[PDB]
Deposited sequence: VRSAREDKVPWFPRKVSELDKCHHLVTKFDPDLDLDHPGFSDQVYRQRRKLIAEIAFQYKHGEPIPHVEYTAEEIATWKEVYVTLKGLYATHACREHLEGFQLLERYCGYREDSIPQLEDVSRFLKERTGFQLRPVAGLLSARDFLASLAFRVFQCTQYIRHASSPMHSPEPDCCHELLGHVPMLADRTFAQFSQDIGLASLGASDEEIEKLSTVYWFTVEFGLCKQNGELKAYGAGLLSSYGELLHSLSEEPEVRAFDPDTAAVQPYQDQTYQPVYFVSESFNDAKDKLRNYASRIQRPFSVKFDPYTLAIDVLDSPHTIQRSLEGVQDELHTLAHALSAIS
């Protein structure tokens, strides 16, 4: 009736001909070796390092330097600041691919997010379920060296340059987890809608900052050509509205003809939660950050229990107010 959903972060352990390397056997083996890490991974273990070969490091260096050249003019400020933090503390550079375990430690200390190696495109419900615990299911393999500027699937370049930097921002990290919180136990229809909102924000969203249009969608930030086109006069840009985006069809191959612009991440977050209010449901969930668990609020008592945590917090703020006078 209500599909199953994880309630503890532990439980996430239960959750082509045209491809540039389809006819490379050395590459198809590198992959199986890398997917291997995702398949044997359990919550709580340090993510195993991958020793990238010089050519892999070379594909990274091209994607990196090229996109790096567009960020100052095309990216939202959250991306620039997070990309700068990654360079300062997580060894981001053009001559070496970062290790997931070092990036995860960096995200845990900045916004509480963490990474989990994944074998390649997860089911929509499992992906959003993971976002609910501030866990980003992340690929560890690189795109075939023959087409560095273009990748069908999400590779580590797309993950580490496209997603990770925005996850270092407090407000965006909360927006992402909110989409995942909203999806827990939701119907398949509601999962597809949420996946679509996700597509038009986390993946291909645009935002307005000091009158200028800027990208924040990972699919834009890890794509040289799409990045230039998203800010051009060619696609149509609509005001972000969770309801409108949820039913906007879209496709995978070519650039997007339509994008949604949010006014601010706090505005989009507010619009996403009023949207989540209207989702048909006999309960609500609230994340418990101390234990990485999902509390189900389905009675006056469970709501009262969380309220108590909130009243303790307000007590702390009252004390801070006398302390500073």
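K.L.:
Missing C-alpha coordinates: which residue stretches of the deposited sequence does that apply to?
P.N.:
Deposited residues absent from the model fall in 1-7, 23-33.
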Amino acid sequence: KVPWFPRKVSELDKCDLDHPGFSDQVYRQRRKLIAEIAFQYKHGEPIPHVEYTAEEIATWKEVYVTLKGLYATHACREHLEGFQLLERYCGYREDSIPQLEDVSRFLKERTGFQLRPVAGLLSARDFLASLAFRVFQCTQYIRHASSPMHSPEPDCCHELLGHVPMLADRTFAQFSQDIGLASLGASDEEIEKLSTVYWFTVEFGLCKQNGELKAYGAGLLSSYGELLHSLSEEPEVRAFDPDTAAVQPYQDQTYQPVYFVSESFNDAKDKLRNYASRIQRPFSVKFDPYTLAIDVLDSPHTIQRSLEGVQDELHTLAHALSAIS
From here on, numbers count along this sequence of modelled residues.
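K.L.:
Of 246-254 and 191-199, which one has the bigger average CA B-factor?
P.N.:
Going by the record's values, the stretch with the higher mean is 246-254.
K.L.:
Which is higher on mean Cα B factor in this entry, 37-45 or 295-303?
P.N.:
According to the PDB entry, the answer is 37-45.
K.L.:
Which one, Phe265, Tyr290, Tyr27, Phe260, has the peak C-alpha temperature factor per the PDB entry?
P.N.:
The record points to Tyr27.
K.L.:
Could you check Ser147, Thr139, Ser130, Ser222 and tell me which one carries the biggest Cα B-factor in the deposited entry?
P.N.:
The C-alpha B-factor peaks, among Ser147, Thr139, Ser130, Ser222, at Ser147.
K.L.:
Classify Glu94 as lowest, middle or highest third according to the C-alpha B-factor given in the PDB entry, relative to its own chain.
P.N.:
As the PDB entry reports it, the C-alpha B-factor of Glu94 lands in the highest third of its chain.
K.L.:
Which third, lowest, middle or highest, does the CA B-factor of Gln177 fall in along this chain?
P.N.:
Its C-alpha B-factor, which the entry lists for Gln177, ranks in the lowest third among residues of this chain.
K.L.:
What third of its chain's C-alpha B-factors does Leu70 belong to: lowest, middle or highest?
P.N.:
Middle third of the chain for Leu70's C-alpha B-factor.
K.L.:
Sorting the chain's CA B-factors, does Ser183 end up in the lowest, middle or highest third?
P.N.:
Bottom third by C-alpha B-factor.
K.L.:
When the modelled residues of the chain are sorted by Cα temperature factor, does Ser23 land in the lowest, middle or highest third?
P.N.:
CA B-factor rank for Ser23: highest third.
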